[PDB]
Amino acid sequence: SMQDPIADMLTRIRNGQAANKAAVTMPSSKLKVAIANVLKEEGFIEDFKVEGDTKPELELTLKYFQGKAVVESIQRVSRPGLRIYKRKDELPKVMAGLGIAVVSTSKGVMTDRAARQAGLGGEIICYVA
Amino acid sequence: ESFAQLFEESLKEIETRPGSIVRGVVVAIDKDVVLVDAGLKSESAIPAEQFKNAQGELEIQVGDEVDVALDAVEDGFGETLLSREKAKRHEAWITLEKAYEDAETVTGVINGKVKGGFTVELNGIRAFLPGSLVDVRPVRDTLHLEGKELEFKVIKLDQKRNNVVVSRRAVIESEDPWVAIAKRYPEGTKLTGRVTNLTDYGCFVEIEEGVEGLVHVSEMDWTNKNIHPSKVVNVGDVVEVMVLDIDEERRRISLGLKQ
Amino acid sequence: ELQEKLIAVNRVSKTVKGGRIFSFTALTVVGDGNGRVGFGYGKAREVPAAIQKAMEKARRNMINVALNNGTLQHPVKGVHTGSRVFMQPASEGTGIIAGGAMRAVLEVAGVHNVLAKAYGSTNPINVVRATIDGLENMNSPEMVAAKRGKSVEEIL
Amino acid sequence: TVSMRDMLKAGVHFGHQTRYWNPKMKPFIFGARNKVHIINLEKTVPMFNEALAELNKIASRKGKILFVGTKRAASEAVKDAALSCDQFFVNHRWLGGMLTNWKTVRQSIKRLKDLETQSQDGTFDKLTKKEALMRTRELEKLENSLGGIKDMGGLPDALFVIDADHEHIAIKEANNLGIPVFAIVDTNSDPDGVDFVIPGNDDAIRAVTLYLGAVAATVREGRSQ
Amino acid sequence: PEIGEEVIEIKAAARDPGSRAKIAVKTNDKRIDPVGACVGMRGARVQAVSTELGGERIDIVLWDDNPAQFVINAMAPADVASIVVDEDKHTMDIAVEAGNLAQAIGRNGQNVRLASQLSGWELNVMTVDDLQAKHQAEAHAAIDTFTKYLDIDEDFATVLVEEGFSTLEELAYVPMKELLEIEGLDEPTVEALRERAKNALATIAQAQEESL
RNA sequence: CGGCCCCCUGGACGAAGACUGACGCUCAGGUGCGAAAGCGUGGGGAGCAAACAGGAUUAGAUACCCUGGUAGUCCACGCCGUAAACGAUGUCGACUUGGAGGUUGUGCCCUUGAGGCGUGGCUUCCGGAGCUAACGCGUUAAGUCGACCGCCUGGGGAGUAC
RNA sequence: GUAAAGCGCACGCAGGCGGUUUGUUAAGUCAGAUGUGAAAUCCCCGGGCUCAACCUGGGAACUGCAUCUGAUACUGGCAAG
């Protein structure tokens with residue numbers, strides 16, 4: 001059964017990048033939306049678009065720089081089987097700071113740097129590079 | 001723009017599948033291959049033997065136009081099925097024209113009954129007939145000057161199997177294959193059938209309304225085993241064959257050619 | 001200007017009607033002390049000829065690597081067939097902490113400071129290939145900025 | 001430079017069947033007509049123009065062009081095109097490693113040249129018959145193989161090709177060496193190795209001729225420049 | 001031997017036998033490295049030519065692309081930064097610094113001639129400051145010529161020539177829409193002021209009629 | 001699991017709608033089904049055939065071959081609980097280029113004809129990216145991921161002893 | 001898959017995981033504080049034995065536990081969809 005929506009998102013994105021797909025669509029969720037927004041802010045994607053009322057569909061638009069994809073790597077870290085929660089000091093650095101780590105915090109979902117700046121940790125969703 | 005889309009549907013509108021629209025201009029001749037271009041993906045490897053008329057020499061130079069045939073695409077590279085088959089549609093149209101006035105008038109010269117019925121030839125092709133049609137009455141053209149010139153007056157046609165019998169004389173006078181498969185049966189009714197593919201044990205001449213014949217390898221000639229059918233007859237040619245044997249059950253009519 | 005290191009040389013056999021024909025394989029690597037690196041794997045009946053071939057092959061098909069000053073830009077993994085390799089940027093003075101063929105390629109590359117372990121197979125040929133792969137895929141800050149449509153200070 | 005109507009007339013828009021296509025060509029395909037792929041001329045034209053411009057630029061800097069077609073239908077035409085702009089060509093079977101293994105083939109060229117000289121300039125006749133027949137045969141072989149590229153000297157600076165799938169060896173060689181590739185690529189073909197792809201009917205003769213003629217004209221222009 | 005088997009594109013050889021012999025060479029991008037092959041192991045083959053016909057300062061330059069890259073390559077072995085251009089006689093105006101000019105110029109009558117034939121034409125070694133000095137000696141002159149072009153009032157002319165790049169000397173053939181961004185552009189009049197400059201050119205031709 | 005028929009009976013798929021409203025996935029222990037051989041009791045017994053007997057072959061022939069031939073194979077009700085019980089590939093879900101078929105639905109289309117254009121289910125082969133020690137797998141993954149379980153830790157001793 | 005390793009196949013309790021929206025809670029989670037976490041040992045900056053080992057001042061650390069005050073994105077609970 002479908003158990004982890006976010007991870008499914010990330011896999012879809014990965015597969016689109018692999019296959020040189022322009023855009024990747026999937027059912028929408030708030031957490032998914034926020035993640036997409038974070039990615040856009042962090043520039044791994046061009047733009048995201050949710051559409052629909054009863055069952056809305058998130059549609060991300062993937063990014064390709066000099067042929068190859070932008071999202072070099074994208075992994076979940078927290079997962080239903082095994083959750084990961086980090087305190088602000090302990091927060092990670094993806095690719096020695098070049099990549100990002102999406103982290104959900106009390107004040108919303110943000111990149112690891114942003115969280116560090118804020119002064120708070122939380123659940124580590126995914127690394128992106 | 002939609003320029004191109006409109007053109008695509010235009011060019012759809014100005015071509016059809018069969019060999020109907022005389023469009024291919026002969027753009028290279030060499031012996032033994034003619035080639036055309038009828039607005040298809042590729043040029044046709046035409047034989048010279050589709051295009052010599054009734055005495056053995058060529059008739060069309062560069063720029064000349066005959067339609068070919070279609071509905072089969074790319075055996076690996078190329079485009080067509082041959083154009084004389086197109087001529088068969090014109091012959092069918094001429095034969096149908098009879099219906100209008102109940103009399104199609106051509107020359108028809110029938111010397112001898114291949115399969116009971118005299119063979120009647122229209123300009124290039126020669127078709128085979130059922131017995132009665134050669135003569136309106138018991139006149140029997142065997143006493144007429146050999147290969148005589150009258151006309152063809154249609155007595156009988158099979159309407160799915162191209163067997164057409166016509167009346168040479170007497171100007172004044174004017175599932176489906178397998179249930180009743182007893183027409184060409186009795187022992188030895190000879191037929192005019194185009195061969196389709198030679199499978200190195202066979203030739204597969206099969207013309208008479210969705211049947212299959214095999215003149216396989218043993219007769220074919222008067223040598224038995226060293227023969228290799230491709231050397232000895234043809235590809236795609238109408239020949240002498242007769243039944244010799246019918247299964248109506250396991251649909252194996254085993255024709256012969258040594259006759 | 002280019003420096004060249006023959007990593008390994010190995011005798012390989014071919015059985016024939018008479019007996020065993022022996023030959024020699026030479027695995028070399030060359031580099032200019034900067035980003036640029038290239039390995040070559042030559043073969044000949046005699047050793048010196050085989051190493052000569054290895055040098056020739058290495059000299060062509062070289063590959064560039066984006067070095068932050070003496071070390072790498074971030075931890076990087078690279079694999080090839082059995083040899084799976086981890087290598088990690090390190091502070092000036094630490095030197096090349098790496099084993100075997102891997103070491104050699106790093107030195108010619110002109111990296112001076114790395115912490116580096118070869119997991120899995122340590123078959124010199126495969127492991128050097130894996131190293132090269134890890135070095136190639138490694139991208140720089142400017143490169144990622146360009147990829148992502150940002151400035152370097154935005155990425156830090 | 002080359003108009004769309006002319007290309008349509010030639011039969012560029014036609015492309016291979018629908019069981020023989022390549023999904024990397026899906027962008028370049030427009031539709032499928034009578035179970036035959038149609039190439040999108042709208043997308044073909046601009047890129048063809050581009051490719052022409054690049055070829056011209058190459059010519060301007062005194063670049064060496066190699067014209068490859070071994071389809072044996074358009075071998076004559078590719079040779080003619082090469083000669084019109086006095087460039088080089090391979091109209092018969094491409095020798096495996098002609099470019100990568102140039103140095104060996106360079107000897108081959110030299111032997112051919114020597115044989116030609118013997119034939120023509122020496123005027124020495126008086127050769128043992130069988131030996132003379134053998135030398136003649138060798139000459140014919142080498143002319144067939146390396147006739148166009150004999151005056152080439154070194155390695156071309158660009159590579160025009162009539163079919164990618166058919167000449168993939170040449171393409172691969174060009175990629176290994178890094179020579180720019182200018183390929184006519186039908187729907188069945190693989191355009192990944194190609195730098196300046198050209199979606200067009202490699203098979204049809206008139207289309208091939210058209211492709212060649214425009215290329216030759218732009219080479220001549222660049223030379224004039 | 002690479003050059004012999006068409007692997008080292010060698011165009012001109014602007015060199016002065018008996019002193020310096022610097023020459024650039026191109027190559028088909030295929031991991032060849034032209035200069036490298038010409039040099040060899042620690043100048044292996046370079047030493048051969050060095051003591052070949054006599055002690056010569058042979059040099060090899062990695063030809064990049066076109067004539068623009070040939071300019072700098074002709075200034076080697078030294079440190080070029082920029083250069084000016086023109087039409088038929090472009091006259092590569094070498095732009096370097098005094099400190100690096102010592103080696104760049106090398107000898108008054110040696111590197112000034114050896115690098116002059118490098119491009120085939122001629123070079124004019126200058127200084128970084130010299131460039132700027134001559135650079136400004138050009139902005140004032142499409143203005144520094146008694147203003148014989150358009151002409152109207154002078155108070156508006158100063159504010160117009162402040163923002164005006166390359167004065168107005170034949171500037172109508174350039175973008176005729178960026179001066180309308182200037183604070184003050186009602187009906188096409190400045191687009192007309194440039195037309196006046198064109199008329200001034202015709203007036204200059206009329207002055208040529210006055211003198212021819 | 002294979003001749004037809006009838007009676008009782010489980011599942012699958014498609015077509016539209018209508019309803020319920022997360023009721024789901026996986027599963028240690030537990031429970032059930034589980035080829036062939038084998039066991040028990042009672043029936044049956046044509047053919048075949050472990051065992052057995054004779055004839056050959058052979059150095060020998062407790063085999064292969066031949067002639068016979070009993071358990072068994074068949075039925076009923078119990079037990080046994082294992083097989084290279086194999087796709088040597090746990091189950092469920094999602095995503096990622098293609099081609100050629102088979103089978104079984106179903107929508108439209110002049111079925112003008114065996115057809116034309118789609119859209120579902122199951123299924124055979126080839127092959128791309130990717131993966132793989134390679135062989136190969138390749139939208140039915142051995143690719144990219146998630147959930148749960150089972151299992152492995154050098155060869156023998158041993159899947160044996162207690 | 002072939003190297004050791006997918007139960008012969010299923011159902012299914014316990015257990016593990018759980019679509020989507022809103023509200024609420026604040027258990028998990030995060031932040032801050034307080035209390036404690038003996039000294040010695042380890043590490044940082046210092047000092048003293050001629051140096052060192054050794055001795056030694058101050059810090060840091062002791063990743064934890066308990067409480068109180070917040071945060072509420074995620075996970076959980078409860079209520080409605």
# chains A, B, ... in the order shown; residues from 1 in each chain; ligands from 1
>>> select_by_dssp(residues="chain E", states="alpha helix (DSSP H)", output="MDAnalysis selection string")
chainID E and resid 34:39 44:50 68:75 98:105 111:114 128:139 154:163 190:211
>>> select_by_dssp(residues="range 92-126 of chain C", states="strand (DSSP E or B)", output="MDAnalysis selection string")
chainID C and resid 96:97 114:120
>>> write_last_selection(atoms="N, CA and C atoms", output="compact mmCIF listing (two decimals), in the first residue's frame")
# COMPACT_ATOMS: atom_id res chain seq x y z
N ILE C 96 47.50 12.95 2.34
CA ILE C 96 46.65 11.99 1.63
C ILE C 96 46.54 10.75 2.50
N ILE C 97 45.41 10.61 3.19
CA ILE C 97 45.11 9.40 3.94
C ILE C 97 44.31 8.50 3.01
N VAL C 114 43.33 14.65 2.03
CA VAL C 114 42.10 13.88 1.92
C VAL C 114 42.05 12.82 3.00
N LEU C 115 40.84 12.43 3.36
CA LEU C 115 40.58 11.28 4.22
C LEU C 115 39.75 10.32 3.40
N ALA C 116 40.24 9.11 3.20
CA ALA C 116 39.71 8.34 2.10
C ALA C 116 39.83 6.85 2.36
N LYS C 117 38.71 6.15 2.23
CA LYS C 117 38.66 4.72 2.44
C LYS C 117 38.06 4.02 1.23
N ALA C 118 38.65 2.88 0.90
CA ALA C 118 38.16 2.05 -0.19
C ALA C 118 37.42 0.87 0.41
N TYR C 119 36.09 0.94 0.38
CA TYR C 119 35.28 -0.19 0.73
C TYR C 119 35.15 -1.16 -0.45
N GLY C 120 34.73 -2.37 -0.12
CA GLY C 120 34.51 -3.36 -1.15
C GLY C 120 35.82 -3.86 -1.71
>>> residues_around(residues="range 125-142 of chain C", least_positions_apart="5", cutoff="9 Å", atoms="only C-alpha atoms (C1' of nucleotides)", output="short mmCIF file (atom, residue, chain, number, x, y, z; two decimals) with C-alpha atoms, in the first residue's frame")
data_model
loop_
_atom_site.label_atom_id
_atom_site.label_comp_id
_atom_site.auth_asym_id
_atom_site.auth_seq_id
_atom_site.Cartn_x
_atom_site.Cartn_y
_atom_site.Cartn_z
CA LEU A 98 26.30 23.05 -1.30
CA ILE C 7 50.39 1.91 -9.94
CA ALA C 8 50.73 -1.76 -10.69
CA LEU C 27 48.23 0.28 -14.72
CA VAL C 29 48.04 7.25 -13.94
CA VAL C 37 43.91 13.40 -14.24
CA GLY C 38 44.04 10.33 -16.48
CA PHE C 39 44.67 6.55 -16.06
CA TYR C 41 45.96 0.26 -18.68
CA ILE C 63 39.66 14.39 -17.10
CA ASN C 64 39.35 17.61 -15.14
CA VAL C 65 38.50 17.95 -11.47
CA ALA C 66 37.39 21.07 -9.61
CA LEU C 67 39.75 21.42 -6.67
CA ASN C 68 39.17 23.77 -3.82
CA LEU C 72 38.16 18.53 -2.22
CA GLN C 73 34.98 20.57 -2.19
CA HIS C 74 32.84 18.03 -0.35
CA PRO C 75 32.72 14.36 0.64
CA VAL C 76 32.20 12.21 -2.44
CA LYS C 77 31.53 8.55 -3.17
CA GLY C 78 32.54 6.78 -6.34
CA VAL C 79 32.10 3.20 -7.48
CA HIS C 80 33.23 0.87 -10.18
CA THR C 81 32.29 -2.82 -10.32
CA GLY C 82 33.47 -3.93 -6.92
CA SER C 83 35.54 -1.09 -5.66
CA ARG C 84 33.41 1.35 -3.81
CA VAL C 85 35.20 4.41 -2.58
CA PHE C 86 34.61 7.17 -0.07
CA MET C 87 36.75 10.25 0.08
CA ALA C 101 46.09 2.68 -6.17
CA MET C 102 43.70 5.28 -4.83
CA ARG C 103 46.52 7.14 -3.17
CA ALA C 104 48.47 7.27 -6.43
CA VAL C 105 45.66 8.81 -8.44
CA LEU C 106 45.01 11.37 -5.73
CA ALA C 118 38.16 2.05 -0.19
CA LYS C 147 23.10 24.96 -12.02
CA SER C 151 25.01 33.51 -6.58
CA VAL C 152 27.82 31.88 -4.64
CA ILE C 155 24.81 29.03 -1.42
CA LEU C 156 27.70 29.85 0.91
#
>>> closest_residue(among="E:137, E:44, E:200, E:172", to="residue 150 in chain E", atoms="only C-alpha atoms")
E:200
>>> residues_around(residues="range 25-32 of chain F", least_positions_apart="2", cutoff="10 Å", atoms="only C-alpha atoms (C1' of nucleotides)", output="PyMOL selection string")
(chain A and resi 1-3) or (chain F and resi 34+91-93+147-150) or (chain G and resi 10-18)
>>> residues_around(residues="residue 82 in chain A", least_positions_apart="4", cutoff="12 Å", atoms="only C-alpha atoms (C1' of nucleotides)", output="PyMOL selection string")
(chain A and resi 4+76-78+123-125) or (chain F and resi 146-147) or (chain G and resi 16-17+75)
>>> write_last_selection(atoms="N, CA, C and O atoms (P, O5', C5', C4', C3', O3' and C1' of nucleotides)", output="PDB file, in the first residue's frame")
ATOM      1  N   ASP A   4       4.217   6.166   2.367  1.00  0.00           N
ATOM      2  CA  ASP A   4       4.988   7.399   2.517  1.00  0.00           C
ATOM      3  C   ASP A   4       4.800   8.270   1.283  1.00  0.00           C
ATOM      4  O   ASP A   4       5.466   8.035   0.253  1.00  0.00           O
ATOM      5  N   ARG A  76      15.032  10.732   0.917  1.00  0.00           N
ATOM      6  CA  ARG A  76      14.385  10.875   2.206  1.00  0.00           C
ATOM      7  C   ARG A  76      15.366  10.562   3.315  1.00  0.00           C
ATOM      8  O   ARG A  76      16.345   9.836   3.127  1.00  0.00           O
ATOM      9  N   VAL A  77      15.088  11.117   4.483  1.00  0.00           N
ATOM     10  CA  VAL A  77      15.899  10.830   5.650  1.00  0.00           C
ATOM     11  C   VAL A  77      14.967  10.304   6.726  1.00  0.00           C
ATOM     12  O   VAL A  77      15.095   9.157   7.167  1.00  0.00           O
ATOM     13  N   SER A  78      14.015  11.127   7.148  1.00  0.00           N
ATOM     14  CA  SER A  78      12.910  10.601   7.930  1.00  0.00           C
ATOM     15  C   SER A  78      12.048   9.723   7.049  1.00  0.00           C
ATOM     16  O   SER A  78      11.866   9.996   5.859  1.00  0.00           O
ATOM     17  N   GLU A 123      12.256  17.633  12.407  1.00  0.00           N
ATOM     18  CA  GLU A 123      12.262  16.379  11.666  1.00  0.00           C
ATOM     19  C   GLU A 123      12.914  16.576  10.309  1.00  0.00           C
ATOM     20  O   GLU A 123      12.497  17.435   9.531  1.00  0.00           O
ATOM     21  N   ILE A 124      13.909  15.756  10.002  1.00  0.00           N
ATOM     22  CA  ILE A 124      14.665  15.896   8.766  1.00  0.00           C
ATOM     23  C   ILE A 124      13.936  15.121   7.681  1.00  0.00           C
ATOM     24  O   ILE A 124      13.908  13.887   7.695  1.00  0.00           O
ATOM     25  N   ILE A 125      13.355  15.843   6.731  1.00  0.00           N
ATOM     26  CA  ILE A 125      12.570  15.204   5.692  1.00  0.00           C
ATOM     27  C   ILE A 125      13.477  14.568   4.656  1.00  0.00           C
ATOM     28  O   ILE A 125      13.460  13.351   4.444  1.00  0.00           O
TER      29      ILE A 125
ATOM     30  P     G F 146      13.707   4.139   0.412  1.00  0.00           P
ATOM     31  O5'   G F 146      12.178   3.925   0.807  1.00  0.00           O
ATOM     32  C5'   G F 146      11.399   5.032   1.223  1.00  0.00           C
ATOM     33  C4'   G F 146       9.961   4.669   1.494  1.00  0.00           C
ATOM     34  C3'   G F 146       9.711   3.526   2.460  1.00  0.00           C
ATOM     35  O3'   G F 146       9.818   3.911   3.819  1.00  0.00           O
ATOM     36  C1'   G F 146       8.325   3.284   0.562  1.00  0.00           C
ATOM     37  P     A F 147      10.012   2.796   4.958  1.00  0.00           P
ATOM     38  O5'   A F 147       8.690   1.920   4.875  1.00  0.00           O
ATOM     39  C5'   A F 147       7.506   2.347   5.522  1.00  0.00           C
ATOM     40  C4'   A F 147       6.500   1.234   5.610  1.00  0.00           C
ATOM     41  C3'   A F 147       6.983  -0.033   6.285  1.00  0.00           C
ATOM     42  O3'   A F 147       6.969   0.052   7.693  1.00  0.00           O
ATOM     43  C1'   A F 147       5.860  -0.587   4.291  1.00  0.00           C
TER      44        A F 147
ATOM     45  P     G G  16       3.269  -1.714  17.613  1.00  0.00           P
ATOM     46  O5'   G G  16       3.950  -1.664  16.184  1.00  0.00           O
ATOM     47  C5'   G G  16       5.358  -1.745  16.078  1.00  0.00           C
ATOM     48  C4'   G G  16       5.794  -1.731  14.645  1.00  0.00           C
ATOM     49  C3'   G G  16       5.210  -0.607  13.813  1.00  0.00           C
ATOM     50  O3'   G G  16       5.926   0.603  13.972  1.00  0.00           O
ATOM     51  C1'   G G  16       4.951  -2.654  12.666  1.00  0.00           C
ATOM     52  P     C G  17       5.139   1.994  14.073  1.00  0.00           P
ATOM     53  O5'   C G  17       4.662   2.246  12.580  1.00  0.00           O
ATOM     54  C5'   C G  17       5.631   2.348  11.553  1.00  0.00           C
ATOM     55  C4'   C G  17       5.035   2.175  10.182  1.00  0.00           C
ATOM     56  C3'   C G  17       3.880   3.094   9.834  1.00  0.00           C
ATOM     57  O3'   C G  17       4.292   4.408   9.518  1.00  0.00           O
ATOM     58  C1'   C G  17       3.378   0.903   9.135  1.00  0.00           C
ATOM     59  P     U G  75       2.139  13.947   9.509  1.00  0.00           P
ATOM     60  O5'   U G  75       2.533  13.000  10.721  1.00  0.00           O
ATOM     61  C5'   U G  75       3.610  12.089  10.587  1.00  0.00           C
ATOM     62  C4'   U G  75       3.846  11.336  11.864  1.00  0.00           C
ATOM     63  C3'   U G  75       2.611  11.032  12.688  1.00  0.00           C
ATOM     64  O3'   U G  75       1.838   9.962  12.188  1.00  0.00           O
ATOM     65  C1'   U G  75       4.279  11.865  14.099  1.00  0.00           C
TER      66        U G  75
END
>>> residues_around(residues="residue 22 in chain A", least_positions_apart="5", cutoff="9 Å", atoms="only C-alpha atoms (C1' of nucleotides)", output="list in words")
residues 16, 17, 60, 61, 62, 63 and 64 of chain A
>>> interface_residues(of="chain C", to="chain E", cutoff="10 Å", atoms="only C-alpha atoms", output="number ranges by chain")
C: 1-2, 59-62
>>> write_last_selection(atoms="N, CA and C atoms", output="mmCIF file, in the first residue's frame")
data_model
loop_
_atom_site.group_PDB
_atom_site.id
_atom_site.type_symbol
_atom_site.label_atom_id
_atom_site.label_comp_id
_atom_site.auth_asym_id
_atom_site.auth_seq_id
_atom_site.Cartn_x
_atom_site.Cartn_y
_atom_site.Cartn_z
ATOM 1 N N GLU C 1 56.126 18.669 -16.930
ATOM 2 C CA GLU C 1 55.132 19.244 -16.033
ATOM 3 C C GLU C 1 54.180 18.174 -15.531
ATOM 4 N N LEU C 2 53.840 17.237 -16.407
ATOM 5 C CA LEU C 2 52.985 16.134 -16.013
ATOM 6 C C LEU C 2 53.777 15.142 -15.188
ATOM 7 N N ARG C 59 47.867 9.495 -21.106
ATOM 8 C CA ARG C 59 48.098 10.865 -21.538
ATOM 9 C C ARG C 59 46.910 11.381 -22.329
ATOM 10 N N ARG C 60 46.323 10.537 -23.167
ATOM 11 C CA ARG C 60 45.040 10.887 -23.738
ATOM 12 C C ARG C 60 43.911 10.464 -22.814
ATOM 13 N N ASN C 61 42.716 10.944 -23.154
ATOM 14 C CA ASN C 61 41.515 10.794 -22.343
ATOM 15 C C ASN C 61 41.803 11.145 -20.894
ATOM 16 N N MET C 62 42.137 12.433 -20.681
ATOM 17 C CA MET C 62 42.379 12.845 -19.326
ATOM 18 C C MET C 62 41.008 13.397 -18.860
#
>>> interface_residues(of="chain D", to="chain E", cutoff="12 Å", atoms="only C-alpha atoms", output="ChimeraX atom specification")
/D:57-58,60-64,99-107,109-110,151-158,173-180
>>> write_last_selection(atoms="C-alpha atoms", output="compact mmCIF listing (two decimals), in the first residue's frame")
# COMPACT_ATOMS: atom_id res chain seq x y z
CA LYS D 57 31.55 29.14 -40.58
CA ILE D 58 33.78 26.07 -40.57
CA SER D 60 35.38 30.29 -43.62
CA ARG D 61 38.24 29.31 -41.30
CA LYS D 62 39.50 26.84 -43.95
CA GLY D 63 37.92 23.77 -42.38
CA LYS D 64 38.13 20.32 -43.90
CA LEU D 99 39.96 8.64 -38.25
CA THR D 100 40.88 7.11 -34.89
CA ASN D 101 43.50 4.96 -36.58
CA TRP D 102 44.49 7.61 -39.08
CA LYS D 103 48.23 7.02 -38.87
CA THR D 104 47.82 3.51 -40.32
CA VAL D 105 45.37 4.64 -42.95
CA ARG D 106 47.81 7.40 -43.86
CA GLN D 107 50.23 4.79 -44.99
CA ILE D 109 46.78 6.66 -48.60
CA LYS D 110 50.45 6.90 -49.44
CA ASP D 151 44.32 14.74 -50.60
CA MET D 152 43.07 15.27 -47.11
CA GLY D 153 46.45 15.24 -45.27
CA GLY D 154 45.26 15.09 -41.70
CA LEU D 155 41.97 14.80 -39.90
CA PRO D 156 38.77 16.66 -40.95
CA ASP D 157 37.50 19.52 -39.00
CA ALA D 158 33.86 18.56 -39.56
CA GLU D 173 35.04 7.94 -34.32
CA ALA D 174 34.19 11.61 -34.68
CA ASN D 175 32.91 11.73 -31.12
CA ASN D 176 35.99 10.00 -29.74
CA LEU D 177 38.14 12.56 -31.51
CA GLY D 178 35.69 15.39 -30.98
CA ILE D 179 35.08 16.30 -34.61
CA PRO D 180 31.78 18.15 -35.19
>>> closest_residue(among="B:11, B:22, B:40, B:255", to="chain D", atoms="only C-alpha atoms")
B:40
>>> interface_residues(of="chain B", to="chain D", cutoff="8 Å", atoms="only C-alpha atoms", output="list in words")
residues 1, 4, 39, 40, 41, 42, 43, 71, 73 and 74 of chain B
